[PDB]
Structure formats: C-alpha cells, structure tokens
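Novice: There's a structure below that I have some questions on.
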Amino acid sequence: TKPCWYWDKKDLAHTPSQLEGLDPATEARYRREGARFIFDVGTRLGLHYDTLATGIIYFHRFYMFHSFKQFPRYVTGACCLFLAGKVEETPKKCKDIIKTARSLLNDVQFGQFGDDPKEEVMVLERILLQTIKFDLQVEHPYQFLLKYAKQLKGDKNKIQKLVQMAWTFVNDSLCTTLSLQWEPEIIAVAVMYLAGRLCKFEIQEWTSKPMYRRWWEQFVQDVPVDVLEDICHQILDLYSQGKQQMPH
Amino acid sequence: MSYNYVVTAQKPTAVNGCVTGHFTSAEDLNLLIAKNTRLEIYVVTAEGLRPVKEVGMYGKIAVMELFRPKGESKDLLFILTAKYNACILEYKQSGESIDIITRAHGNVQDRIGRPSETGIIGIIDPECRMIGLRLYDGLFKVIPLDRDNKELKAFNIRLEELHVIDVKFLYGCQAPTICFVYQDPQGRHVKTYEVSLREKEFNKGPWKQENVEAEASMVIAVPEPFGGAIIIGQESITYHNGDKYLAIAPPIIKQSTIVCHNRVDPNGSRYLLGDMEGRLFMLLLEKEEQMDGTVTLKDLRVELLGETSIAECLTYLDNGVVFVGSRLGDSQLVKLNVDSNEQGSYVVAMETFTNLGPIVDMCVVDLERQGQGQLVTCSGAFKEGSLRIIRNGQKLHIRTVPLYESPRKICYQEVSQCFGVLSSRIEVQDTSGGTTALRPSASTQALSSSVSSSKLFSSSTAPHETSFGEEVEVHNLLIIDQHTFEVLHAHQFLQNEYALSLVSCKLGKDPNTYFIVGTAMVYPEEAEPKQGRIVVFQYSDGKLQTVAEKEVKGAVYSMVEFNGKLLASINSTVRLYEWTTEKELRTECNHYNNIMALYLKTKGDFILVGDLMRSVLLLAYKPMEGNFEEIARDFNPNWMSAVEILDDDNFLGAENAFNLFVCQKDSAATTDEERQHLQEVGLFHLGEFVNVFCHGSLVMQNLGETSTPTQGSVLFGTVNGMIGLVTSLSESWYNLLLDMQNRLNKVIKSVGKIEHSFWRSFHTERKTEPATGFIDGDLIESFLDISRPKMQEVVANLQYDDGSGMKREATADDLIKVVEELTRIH
Amino acid sequence: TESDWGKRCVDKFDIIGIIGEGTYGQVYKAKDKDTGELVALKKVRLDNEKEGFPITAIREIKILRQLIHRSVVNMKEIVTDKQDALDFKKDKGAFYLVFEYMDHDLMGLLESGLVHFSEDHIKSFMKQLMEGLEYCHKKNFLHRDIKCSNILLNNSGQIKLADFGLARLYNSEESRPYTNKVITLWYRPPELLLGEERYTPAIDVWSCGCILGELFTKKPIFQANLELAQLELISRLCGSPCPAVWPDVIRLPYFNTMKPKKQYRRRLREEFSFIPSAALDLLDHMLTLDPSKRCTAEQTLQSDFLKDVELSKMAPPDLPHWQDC
Ligand SMILES: CC[C@H](CO)Nc1nc(NCCCc2ccccc2)c2ncn(C(C)C)c2n1
C-alpha cells in the first residue's frame, strides 16, 4: 500500500554516499548545507514553512537512495523545493528558484548547476518523483506541536514560550536525519519535552491528566523516553558543535 | 470545416394523424392528413378525396385538431410541433390564390419539466374555451382560447398524478372537465378533474375514480346524448358515466392490441376500433330511452367488420367511406357495407395510397444495365411488409412486392440474378406445444425451403418456458428473383435465432459467391445476447446450401466485407475473419473498446464503427502487423441510428433524436491527441429517423449531363418513409447557398411563423445547437416557387467568391439556373 | 513491493482504446497482462518541460493516495514508458496514472438518453455520491469540478467520483484566497458566479443538487453560455441574490455589477412540483443561494430521502442495451 520512510540510525552508515567513500561527518555536512540551502532559498521566495519542510524531507529521503558524489546537493535541493511548491500549493517558477539560488550561492557552488541551471533542475524532477515513490503527502512536526499545545491549559506565557522554543527545535531538526528516523508526531513531542526540560516547566500540570507524569503518552502512544532522549541529544548536538546556543 | 448538401428525394409517406372537419369552408367536409412536417388538405366528395392544398411546416406535427370557436364561420386548425412550436391556422382562398393564415403562435416549452412516456397529448374543449397540453409529467398546460391571446400564452396546473396514459376533454359538463387514465403503484385508474380558467387550478371532478384494467390505453369522449367516457384496454372495454358503469369483454379483441378509434355516428351510437393485425371493429352503444325522458346506455357491443391495413389513425368519411391512415403499411379508403360479402367481410378496399413504410434497409442496384440504378427497399412491418422497387423515371415509379412478413436486411447477389432478404414472421404458441402463423407469408410460400439443423447451441440445459398465446419471431433468409420477385427459397433459422446482418460476397481465394448471415440467440431472460452464429450459405441451382458456420459469443449486429475478409461486430467486439482454403472462417484480429458495435462501414483499409452511445470511431487495418488501430473517435456522446463514410476524411452519422452530424479528422499532426479527435464539423436536424445510408443515385445518366456542383451521392431511408440524398459542396458553393438561405428565410413566410433557423437547430432534450455545415436543399429549391418580386429581393446585393470575378453580382435568372441544376441531383 | 510506484513499465498493460481526452493527457483503456484487470491509464506528459509535472496531476496523485472510499475512484499505481538507460536527462518518456476502469459516465448515459432513473435508483445514486463527498469533506478536501462527465457509473450501480485535478484542501479556521472560476458553468454555485473567493465546501453541494434535479428532469437545470445568463437562470428559479436571503451578498465582488433582470421570487418548489416530496426538500436545501444556509453532505445523508436507503440493495440504472437492436 504505502511506503516505509523510516530507517534506524545504524542504517545511515550504509547510505550510498557513505559506501562510495564519503565520511560520515561529510555526508552530514552535505545534508545540513542542502537542507539550509532549501530553507534559505524558500524563505527569500516567501514560502510557507510546510513547503520548506516538504522539500527538505524529499531531499533527505533522496540521499537514502542515491549518492552525493553523483548527484549534486544544491541542484537536488532546488529540485526538491520546486516540486515541494507544487505539492503544497505554494508554486514557484523554476527560473525564480534558479535566480534566488544564484544570489545565495558562490560561483563554485553554482557551478553544480552547470551551463544551464534550469535544465539540470527540471530534468531531475523525473528522478526525484521515482525516488520518493510518488508518496507526495508529508506530515511535519509543526502541526502536532500546535495540536498538542492547544490541549495544554495554563499560563498563556509559559506555554507560548514552550511552543516557540520547541518550534525553533523543529526548524533545527530539519538539518538532521531525524526526519528519516522518527515519525513527525514523535518529533513534536520530543521538542516539547526538550523545551520543558530547558525551561524547568512540568508539562503534565497543563494536561487533562495532571498526575500522569509521562504526559506524552496521551498524545503519542508507545513512545519510550529513550526515543525522546535520543532525539533531544541529537538536537542539542547541533548547538554544541556550532557556535549557537539554546534559544531560551 | 466541412460543407454538405441535403435534399429530399421522396417525402414522408407515413400517415401520422388524420382529422375530419370544415376547415377550407364552413360548407365542405375536409380530411386533413398529417405526415411528418407535411400537412395535406382534402375535400370529401363523391370521389373519395379531392386534393386542394399541401403545406410544409418547419416542425414535426405532433398535435393536429380542428376547433370552431363562437363567432367563427368555419373550423380553425391547431398544430403543435415536437419542438413545442404552437400555432392556430386559418384557410383563406381568394379565387385561385390559396394561402394559410397564422392567426396565433408561440413556443410553449417550459424551462423545467420531465417529458412524459406516452408523449405529447393535445385536447381541445367542447366549447372551445381552452386547449390542454400534456407535455410533462406532473403538469397540465392550459392555453385559454380568448381573442386576445395571439401569442398563445399559457399556465401550468399542478397535477398530482404523475403518470398519465391518455386524457381527453369530456362532453356534457357544467364546467370544462378532463377525463384521464393514470398509473400509480396500485394499478391504473380513471379520474376526472375540472379546469378553472378564473382560478387557474383544478377542482373536484364530476364522477368518482374507478380502478381500471392494467392495460387501459385510450380515453374516448362519448358525445352529449350518451355522456361519459369509454376506456379501451386489451382484454376489455369499459364505459364510465357518474354512477353508471358498463363493461364488455369480448373474446375477439384479446387477440390483438387495439390502437386507434374514431366516431362513426355523431350522437355516439357507433364507434370504429382498429387493431394491429389489421382488424377493424364497430363499437355499438345500445340506446335505452326511459319514459322519464332520459336516454341511457344499455350495453356495449363489438362487431368485427373485416380487414384494413395496420392503422395508425382512423377517420370516418361521410358515406360508409373510411380512411385508414397507416404508418406500417399503405394507407387506404375502405367502404363499410351493410351486407357482408361471400367471405363474411363488410369491408372492401377502394383506393390504395403508397406508403414506403418503415425503411429498415435498402440497396441500390442497376437491374436493367442502364447506368441509372434502382432502389430496392425493405419496407413495412408485419402483414404490411413488402419490398419496393423505386426508379426515377417529375415522379418516381414504384413497384410493390408484398411479403406479409417483416423484412429486415437486403443485399443483392448479381452472380445469382437474385436478392437475399432477411425476414421475420410472428407465430403464436399453440396447443400442440409448437407455434402457428397467423397468415401465410413469403417464408412459407417459398418454392423450395430448408431449416437449420445446427447443433452448435443444441447442448442447451437452459430452460425457457412457453405459455399458450405468447408471440415469437421466426427469422428467415429469402432468395428472391431480381426479375419476377418470386420467392425462390426460404431458409428458416434456429428457434429463438434472430438474423441481424446479411452480406453477399466472395472471400479469399474462394471463387464461389456466398450469402453470409449473422445471427444472435435471443432469450427473454438476457439483457444482451450471449450466443450467436455466422453462417455461410451458397445459393446454387435453386437450393441454398450451408457451407460453414462459426459460433460467436454475442450478436453479430453488422457484417461488412473487408478486402476479401469478413468484418463482424459481436456486441462490443470488432473482428476480422479470414476465409481459409478449408472453407472455414478464421479470426485474424480484434478490437474491443466499444459498448455496442452496432454499425460498420469501410473504405479501403479504414473502418468506421458506430456505437450505441459513443458516436463514431475510425479504425484501420495495419496489414504490415495484422491488427487494428484506433485512428480517431468522436468523443461527444451520441446515440446512433446509422453511419456512412463520405470520403477518406469526412464521416456521416445520424442520431436517434432525428439529427445528422459529420465528423472530420482534425487534420492537424501537431499533437497525437488532435489526430485522435474527430471534431463534429456538421450539425443538422433532419426531422426523420435514418435507418440506412447507401451510396448511390437513381439519376438517369447518358453522359450528356454535366457534373452538378454537388459531388458525391449518399441516399438514406427513414422510418416515416422519407428518402434523402446527402452530397458535398466546395467552400465557395456552400457560402453562396448559405448566404442565399439567410436571404430566403427573410423572404419566405413560414406556416405558424416558425423560424427556419430554429427548426434546423441540432436538438436533443439536453442540447440545442445552431446548424452548421449543411445546406437545406429544400429551402434552396423553393426559390423556384416564390414570386418573381421575391426572387429579385433575394438576389439583391448577392456576390460570388473564388471565381473568375472575385465579387460577382447575381441575377434572379442566374439563380433560377443554379437551383435547377441542383434539382437534378434527385 | 506494491508501494514502489513509478518503476513498473506500461508494457504490463495491453492498450485497448482511447476512452477520453484528458486535461494533461488522454486516458486510454487497458487490460493488465498478468491479472486480466481492466484499468484506465491517464497519460502524464512532462516532455513539454514548460514547468514540469502538471500540478493537476500532482493534486490527483496527492489526494487520491489519501482517500479510500467506495465512491471515490482509486489510483492503483503509476507506471512509465520504457525509460532511457543511464541517460536520465535525455529521457522524455511519460508517466501513466493507473485507475480502475469504469464502464460509463453519467453524461454519456444521459446524452444517449437511454437511461431512465426511478426514485429508487436516484436514491442509490445520490446516497453513494453524497457519502463520497462526505468522506472528502470530512478530510477537508474540495472537489471543485462536480459535473456529469466526472461521475462514473458501472453496470452494477456503483458510483465513483473521479476528476480531482482542481481539488485542494480547505481549512475553515483560515480563509485562503482561491481561484473563483473553478466549476463548470452549468454546475457553478452562485457565490463563484458572483466572484466569491475563499469559498466553502458547499460549492460542491450546489453542483450535486444540480445533478439531483437533472436526474429527475433528464436535462440540466441551468444551461447558459455566459456567467451573467447563468445567474439569471438560477435567479429565475432560486430567487435573485438579495440582502434578505443572503446577508453577505453585499460583500461579494460583483453583487452590484451582475444584477438579474428582476428581483425574482423563489419558485423552485413550483417548477419542480413533479419531484417527490422527499426529494424536493433535498433539492430546495441543496440549491439554497446562501452558502451558510446550504446543507452539508452529512445533512443530505440524514434526510428523509437518502437516510433510509439501504446501500446493499444497489439498483442498476435502467440500461436499454437491446433497445436500439
Ligand atoms: C473523468 C471522465 C472522462 C470521460 O468519460 N474519462 C474517464 N472515463 C472513464 N470511463 C468512461 C468510458 C467511456 C468510453 C467507453 C468505451 C469507449 C469509449 C469511451 C473512466 N474510468 C476510469 N477513469 C479514470 C481514469 C478517472 C475514467 N476516466
């Protein structure tokens, strides 16, 4: 019926890019750069947050089936965003994505787009669609962050602080392979869990079951804390590796 | 775009309705006979009929009634067309000048309504206060007949009874009263309402409702001396007036459905009834005058008079002369004698009026080697069925060959100097367990005879029970001599086998010329037949020999010879068969994308398939590969009646809505999609039902005649008897004639003031489109009948194109020449 | 697996014929070589390379892979032309969207004039159609092109909705700017004729009501060529858009512009007196001018007409195949 789009962390060591000789760190750097390229380009074009994420998910899934050494990352990204626009009904013309890409990319980087940027991108759409197996509908952590936050009742300001911090964590997670490991519902919970831990908020008190210390179980059944701790760890690693710190 | 020309070679011959009255003068008795689109006015004399006037109307005549409102000297004529054009007409004669006055007119169509199953019913008041129209289910339309209603404005009254069979205005009521038989789940019933013009609604009726026979079909309004109404069914005749209820159930009328009625004696003492096996009855009202000064109905009696043609309408002429208006056979004038003849009949035929009847199929053959060509039609149905030989000898010479059974398909086999004709006759389940024919006929009067002994379906094990009295069709192939039209041979097909298709041809390397018939096993239980045969016969030395049989899993609706192979249409499948050296049929290739492959025509390696609902599809045989290919389809959905190929690019088709269309290849190779789309480039409302298209012309050619501007010749036969010719035009000639039509339409006065452009507009219940790509030849040919002043008005400011002179003015005499050349095509 | 779409080749189908001319490519009828199933392939041409894969096809793929209901056409898979090997840039082959093959279409059955619908057929017909629309509406999807051509019927009596090329998701909490001219003129709701954007899912209900009446009359209700003439016909029957029946009509772009000849009174119940009382109520409520007063899909299924219709007893429409013969 519908395809399985989630792999285990251990499986990411056997991605095509890795097996052609890319070291793990480099594939991750390419994944962030490609995702952030998609984010930056779409933001300049005014795109909805769902459109940006859908492109990034297409992108991340793509390089589970193909290698970075044979398919250039900035070209793929532009293609993903181009298709994501059509899927999420926020369409853009390919020439406008190329233009925006030129502004944000170096000459070396834009070299990947070659002599005819639009052509390289429009030609890749055929492969992209077959790679993602025409599973075009994608759900993102954002809708669950809001759906779950709406059922919290309490200090308006503490909950809004929780949501915004968690929302930032969602945006940051798009740079990682978490999109390929855990359903979005879990991600939304994990970022709520992280924002709470950092703000010293006890979310159970805002739920309809205030003495149910594992507040997530009423939103997402069957999620071990281990999963939530792993996701949290992976998110904070991005902050510790970079120069940026937790938003608070 | 495409340009075509349509002319009528023989006008409708079928009588659709007849009324008697005082229309031309308050003094004369008239017979107004109605054929589709044509009104014929006769005056009744010592001779049966004196013809006085004939007019054409731009509409199908659906209601025709005569009424004489207070203040008029003579009867006025009401006509409603099938497109809901209404008018009131008056006859006016000034010495030698005869013209028809349009006194009132309008279109009574409603924006919202469901058309009724039993059709448009039109009735007029006894006092001529109102005209009632039953157009839609659940609604009764009233046109009040006031002096001021020159536009025939009308209003609807809500009718609770949705399903009405027949309604007639009743005589002898304090206020206008409608008597109608209706159907609801509990059976059929007779009810009465009253109609209030002041309140514009129905009020309670004079006499109660009664549940009536389930097959009650007609309401007769009994005149004032007797009062009440008579309801005719299949088994019984019933009279209802207030509390009085009379019911006669003669054993004679159960035999055949009664379809027409007319009043013999004005007081209502005697009525004429007719049925479909041609029997003519006399309904008698037995007076019972009581000493109280009242006249009451004693009993109802039915007396068999004799045999007439299967009658659509009966009209009694004054002095024992009856006019038999027939749609399935020749119309007639019969005399009812007081004394029976030695055979027991009181009916003796006087005159016979030719009716080409339903033309089920026809072929053009040059029987005398003249290069003129004759037209042989399958005409009539049941006892009135016949072949007709038609040649353009201006009138046409017509020979009639009675068959007394229904002809279905015809094809000529020159090698054998004879015709093959498929026919079916009606037998009835009898006490023996078999069936008995009601009358001798062609398939029983053949010189030699044979019966299929095929074992193909003999395994049966499928039960089909028979009840005494039920009808069955028995199908036959007839071998008929081309000079004498003697039935030389009759071959009877299997029980429940229907012959649907017939061809005469050679196949493959086989030098023998065969008759090939396609059949279907028709059982009442089946929605679509699932068994069938293709049978190869050889007519040799006065005997038909069965050469080979091929079983198929459907009905072979149509077969056509395809470059030495047999093209066949097993419902939903188009198949090409090869004829082997072992004299058996072998399948080569198939096409399966159809709903029902009813009609097939071919040209070269192209095939035009006509579908039940999917219009027309151009196929091609790709000899290099040995299979078919879909060239293009007409994607607009149309119900088909017949198709014909005009040329390699233009295709003709006829709809069950009485419409014609021509589809052309889009002739654009830019996209594959454009190539595969046949686009309707011609649309035309003919007004007749086309059963058969046939390439040919009856025009006598000695080679001295120059080619007319029209190129090509397709003849077509219709159900109302009309014959027509479709021919192509150059762009230049079309535009001249089209521009001339628009000029003629402004000049020529229409009966009922019906717009010609409206009449020819493509019309289905759902859609109405202006006509395109077709020149109404009959309108063009009426230029020669309009007055000279009108001729100059028509040719004023008329220019030519694509000629020696780019713009050239037309003279009236020049157009008189052009039209006269066009009158030669037919 | 069954989910790995876009790789299987169209070789696996025997093309039988061209059933129709579609928006983005022509639909062909085909037989599966392995199973014998009859399918309908909708060809997708991305060889144009104007702006790639058509968005109409993207919507039909995105939406139908989510929607599973007896009355919603199913996309079985997506297959491709023989693709060029190792040269993805040169490849210009097309994709085919595989669907279940439906024998007839409501317009084709009606244009032939062959089918006669009894009240009990119209009940089985509309119950399926409105139950399907309910499924789509509960999932926040709008069809936006409900016409006779898009309603597919089998000889068995099963009804499925089909051309979702113009369908998009609707969130009630957020009013979103939309394309105002989205439905076929004959079935267009009054709000879209008067220029309404941010339209409700009730636009589809109006279309289904037009069909409801068309099944009883056998002829479309509002037949016009121009947007103004259409508003006139609707107004002759339903009443002129006026402030009383449609309070917010004054907010629509063209209300002052597109006035009908008169301020007509509603006659729907009079001109449709022949319709059964149960249905005439359904028609009256489905063809209500104000989108806020027009019934929902669920309300039609909880109506005296369609509620007690047992769906197991699907009734085949009166198909007169032997008539013409
Ligand atoms: C979306 C509707 C259009 C137009 O009818 N096309 C359409 N017509 C389908 N059947 C109709 C078959 C008609 C036909 C039958 C035989 C020969 C010629 C024509 C059909 N069955 C499934 N689909 C999906 C691809 C939506 C369909 N699409």
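To be explicit about the labels: the chains of the structure tokens are called A, B, and onward in the order shown, and within each one the residues are counted from 1, while ligands get numbers from 1 in the order they are shown.
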Where does chain C meet ligand 1 within 10 Å, residue by residue, with the nearest atom pair and distance in Å to one decimal for each, counting only C-alpha atoms and all ligand atoms, listed by chain and rising number, as CSV?
Specialist:
residue,atom,partner,partner_atom_place_in_ligand_line,distance
C:16,CA,ligand 1,17 (C),9.5
C:17,CA,ligand 1,17 (C),7.2
C:18,CA,ligand 1,18 (C),6.6
C:19,CA,ligand 1,19 (C),3.9
C:20,CA,ligand 1,6 (N),5.1
C:21,CA,ligand 1,6 (N),7.2
C:22,CA,ligand 1,6 (N),6.9
C:23,CA,ligand 1,1 (C),9.6
C:26,CA,ligand 1,6 (N),8.6
C:27,CA,ligand 1,25 (C),6.1
C:28,CA,ligand 1,25 (C),8.0
C:29,CA,ligand 1,21 (N),7.9
C:38,CA,ligand 1,21 (N),9.5
C:39,CA,ligand 1,22 (C),7.2
C:40,CA,ligand 1,25 (C),4.9
C:41,CA,ligand 1,25 (C),6.1
C:42,CA,ligand 1,25 (C),5.6
C:43,CA,ligand 1,25 (C),9.4
C:60,CA,ligand 1,26 (C),9.8
C:72,CA,ligand 1,26 (C),9.8
C:73,CA,ligand 1,26 (C),6.7
C:74,CA,ligand 1,24 (C),8.3
C:75,CA,ligand 1,24 (C),8.3
C:96,CA,ligand 1,25 (C),9.8
C:97,CA,ligand 1,25 (C),7.6
C:98,CA,ligand 1,25 (C),7.1
C:99,CA,ligand 1,25 (C),5.2
C:100,CA,ligand 1,22 (C),5.6
C:101,CA,ligand 1,21 (N),4.1
C:102,CA,ligand 1,21 (N),3.9
C:103,CA,ligand 1,12 (C),5.3
C:104,CA,ligand 1,11 (C),4.6
C:105,CA,ligand 1,11 (C),5.3
C:106,CA,ligand 1,5 (O),8.4
C:107,CA,ligand 1,5 (O),8.1
C:108,CA,ligand 1,13 (C),7.4
C:109,CA,ligand 1,13 (C),9.6
C:147,CA,ligand 1,2 (C),9.6
C:148,CA,ligand 1,2 (C),8.7
C:149,CA,ligand 1,2 (C),5.3
C:150,CA,ligand 1,1 (C),4.7
C:151,CA,ligand 1,2 (C),7.2
C:152,CA,ligand 1,10 (N),6.6
C:153,CA,ligand 1,10 (N),8.3
C:154,CA,ligand 1,10 (N),9.1
C:160,CA,ligand 1,22 (C),9.0
C:161,CA,ligand 1,26 (C),8.1
C:162,CA,ligand 1,26 (C),4.8
C:163,CA,ligand 1,1 (C),5.1
C:164,CA,ligand 1,26 (C),8.7
C:165,CA,ligand 1,1 (C),9.8
Novice: List as a list in words the protein and nucleic acid residues near residue 365 (chain B), meaning an atom at most 8 Å away when only C-alpha atoms are counted, but skip any in the same chain fewer than 3 places from it.
Specialist: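 Once the nearby chain positions are removed, what remains is residues 373, 374, 375, 376 and 412 of chain B.
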Novice: Got a sec: who's within 6 Å of region 277-291 of chain C, counting only C-alpha atoms, leaving out chain neighbours fewer than 4 positions off, as a ChimeraX atom specification?
Specialist: /C:202,206,209,246,295,304-305
Novice: A:109, A:131, A:76, A:100: which is nearest chain C, counting only C-alpha atoms?
Specialist: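 Selected residue with least distance to chain C: A:131.
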Novice: So which residues touch residue 118 (chain A) within 7 Å, counting only C-alpha atoms, skipping near sequence neighbours fewer than 2 positions away, as a CSV table (one decimal) with N, CA, C and O atoms, in the first residue's frame?
Specialist:
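Written file, around_23.csv:
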chain,number,residue,atom,x,y,z
A,94,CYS,N,10.5,27.8,-12.0
A,94,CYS,CA,11.8,27.3,-11.8
A,94,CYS,C,12.9,28.4,-12.0
A,94,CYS,O,13.9,28.4,-11.3
A,95,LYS,N,12.6,29.3,-13.0
A,95,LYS,CA,13.6,30.4,-13.2
A,95,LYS,C,13.7,31.2,-12.0
A,95,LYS,O,14.8,31.8,-11.7
A,98,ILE,N,16.0,29.4,-9.6
A,98,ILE,CA,17.4,29.5,-10.0
A,98,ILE,C,17.9,30.9,-9.7
A,98,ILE,O,19.0,31.0,-9.1
A,116,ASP,N,23.4,25.2,-17.9
A,116,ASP,CA,22.0,25.5,-17.9
A,116,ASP,C,21.4,25.1,-16.6
A,116,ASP,O,21.0,24.0,-16.4
A,120,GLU,N,19.2,21.5,-15.6
A,120,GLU,CA,19.6,20.5,-14.7
A,120,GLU,C,18.6,20.2,-13.6
A,120,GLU,O,18.4,19.1,-13.2
A,121,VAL,N,17.9,21.3,-13.2
A,121,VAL,CA,16.9,21.1,-12.1
A,121,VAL,C,15.6,20.4,-12.7
A,121,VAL,O,15.0,19.6,-12.0
A,122,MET,N,15.1,20.9,-13.9
A,122,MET,CA,13.9,20.3,-14.3
A,122,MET,C,14.0,18.9,-14.8
A,122,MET,O,13.0,18.1,-14.8
Novice: How many Å separate CA of residue 16 (chain A) from CA of residue 181 (chain A)?
Specialist: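 A separation of 17.0 Å between them.
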Novice: Quick one: everything within 10 Å of residue 41 (chain A), counting only C-alpha atoms, minus sequence neighbours fewer than 2 positions away in the same chain. Send it as a VMD selection string.
Specialist: chain A and resid 36 to 39 43 to 47 52 77 to 78 81 96 to 105
Novice: Just C-alpha atoms for this one: save the residues we selected as a PDB file, in the first residue's frame.
Specialist:
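Okay, out.pdb is ready:
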ATOM      1  CA  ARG A  36      19.708  25.016   4.845  1.00  0.00           C
ATOM      2  CA  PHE A  37      20.043  25.924   1.150  1.00  0.00           C
ATOM      3  CA  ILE A  38      16.448  24.770   0.667  1.00  0.00           C
ATOM      4  CA  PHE A  39      15.380  26.769   3.736  1.00  0.00           C
ATOM      5  CA  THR A  43      12.449  31.980   2.778  1.00  0.00           C
ATOM      6  CA  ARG A  44      13.589  34.579   0.238  1.00  0.00           C
ATOM      7  CA  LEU A  45      10.730  33.466  -2.029  1.00  0.00           C
ATOM      8  CA  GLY A  46       8.299  33.865   0.865  1.00  0.00           C
ATOM      9  CA  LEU A  47       7.391  30.205   1.102  1.00  0.00           C
ATOM     10  CA  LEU A  52      10.231  24.368   3.071  1.00  0.00           C
ATOM     11  CA  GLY A  77      17.699  20.880  -3.161  1.00  0.00           C
ATOM     12  CA  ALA A  78      16.451  23.339  -5.771  1.00  0.00           C
ATOM     13  CA  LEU A  81      11.851  22.888  -3.341  1.00  0.00           C
ATOM     14  CA  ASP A  96      12.751  32.172  -9.936  1.00  0.00           C
ATOM     15  CA  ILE A  97      14.296  29.406  -7.830  1.00  0.00           C
ATOM     16  CA  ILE A  98      17.399  29.484 -10.040  1.00  0.00           C
ATOM     17  CA  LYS A  99      17.611  33.257  -9.622  1.00  0.00           C
ATOM     18  CA  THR A 100      17.277  33.040  -5.849  1.00  0.00           C
ATOM     19  CA  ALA A 101      19.863  30.254  -5.810  1.00  0.00           C
ATOM     20  CA  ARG A 102      22.340  32.401  -7.733  1.00  0.00           C
ATOM     21  CA  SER A 103      22.038  35.194  -5.163  1.00  0.00           C
ATOM     22  CA  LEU A 104      22.767  32.924  -2.207  1.00  0.00           C
ATOM     23  CA  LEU A 105      25.412  30.658  -3.794  1.00  0.00           C
TER      24      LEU A 105
END
Novice: Compile the residues of chain A that lie within 6 Å of chain C, evaluated using only C-alpha atoms, and express the compilation as a ChimeraX atom specification.
Specialist: /A:1-3,123,130,133,136-137
Novice: Residues of chain C within 7 Å of chain B, counting only C-alpha atoms, what are they? List them as JSON, numbers by chain.
Specialist: {"C": [16, 17, 20, 108, 111, 112, 217, 218, 219, 220, 271, 273, 274, 321, 322]}
Novice: Could you check which of B:689, B:471, B:771, B:560 is closest to residue 661 (chain B), using only C-alpha atoms?
Specialist: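 Looking at the shortest contact to residue 661 (chain B), the residue is B:771.
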Novice: In region 61-236 of chain C, what's strand (DSSP E or B) per DSSP? Answer as a PyMOL selection string?
Specialist: chain C and resi 72+75-80+95-100+104-105+116+141-142+151-153+159-161+168-169
Novice: Name all residues at most 7 Å from region 171-178 of chain C (count only C-alpha atoms; drop same-chain ones fewer than 3 positions away) and give them as number ranges by chain.
Specialist: C: 140, 197-198
Novice: Check region 153-211 of chain A with DSSP on the backbone and list each residue it calls alpha helix (DSSP H), as a ChimeraX atom specification.
Specialist: /A:156-173,184-199
Novice: Let me see the file: selected residues, C-alpha atoms, as a tab-separated table (two decimals), in the first residue's frame.
Specialist:
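File result_13.tsv, as written:
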chain	number	residue	atom	x	y	z
A	156	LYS	CA	-0.54	31.67	28.49
A	157	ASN	CA	3.04	32.99	28.53
A	158	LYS	CA	4.80	29.86	29.78
A	159	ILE	CA	3.06	27.74	27.14
A	160	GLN	CA	3.82	30.23	24.37
A	161	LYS	CA	7.46	30.20	25.48
A	162	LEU	CA	7.37	26.39	25.31
A	163	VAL	CA	5.86	26.41	21.82
A	164	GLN	CA	8.29	28.91	20.33
A	165	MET	CA	11.35	27.20	21.78
A	166	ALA	CA	10.05	23.85	20.51
A	167	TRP	CA	9.25	25.40	17.11
A	168	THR	CA	12.87	26.52	16.89
A	169	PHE	CA	13.91	22.95	17.70
A	170	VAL	CA	11.73	21.67	14.85
A	171	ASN	CA	13.37	24.04	12.35
A	172	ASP	CA	16.80	22.92	13.56
A	173	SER	CA	15.94	19.22	13.28
A	184	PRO	CA	6.76	13.68	12.99
A	185	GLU	CA	4.37	13.06	15.91
A	186	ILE	CA	7.35	11.85	17.97
A	187	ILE	CA	9.46	14.83	16.90
A	188	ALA	CA	6.77	17.26	18.07
A	189	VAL	CA	6.67	15.54	21.46
A	190	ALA	CA	10.46	15.38	21.70
A	191	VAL	CA	10.83	19.12	21.11
A	192	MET	CA	8.08	19.82	23.64
A	193	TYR	CA	9.94	17.54	26.08
A	194	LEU	CA	13.22	19.34	25.40
A	195	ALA	CA	11.76	22.84	25.69
A	196	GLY	CA	10.19	21.82	29.00
A	197	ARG	CA	13.38	20.32	30.40
A	198	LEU	CA	15.30	23.50	29.49
A	199	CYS	CA	12.63	25.90	30.83
Novice: If we count only C-alpha atoms, what is near residue 310 (chain C) at a cut-off of 12 Å, once residues fewer than 6 positions away on the same chain are taken out, given as a VMD selection string?
Specialist: chain C and resid 120 to 121 123 to 125 127 to 128 301
Novice: Give me, please, the distance in Å between CA of residue 405 (chain B) and CA of residue 428 (chain B), quoted to one decimal.
Specialist: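 Atom-to-atom, CA of residue 405 (chain B) to CA of residue 428 (chain B), that is 14.2 Å.
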Novice: Which of these residues is nearest to residue 70 (chain A), using only C-alpha atoms: A:22, A:32, A:214, A:50?
Specialist: A:22
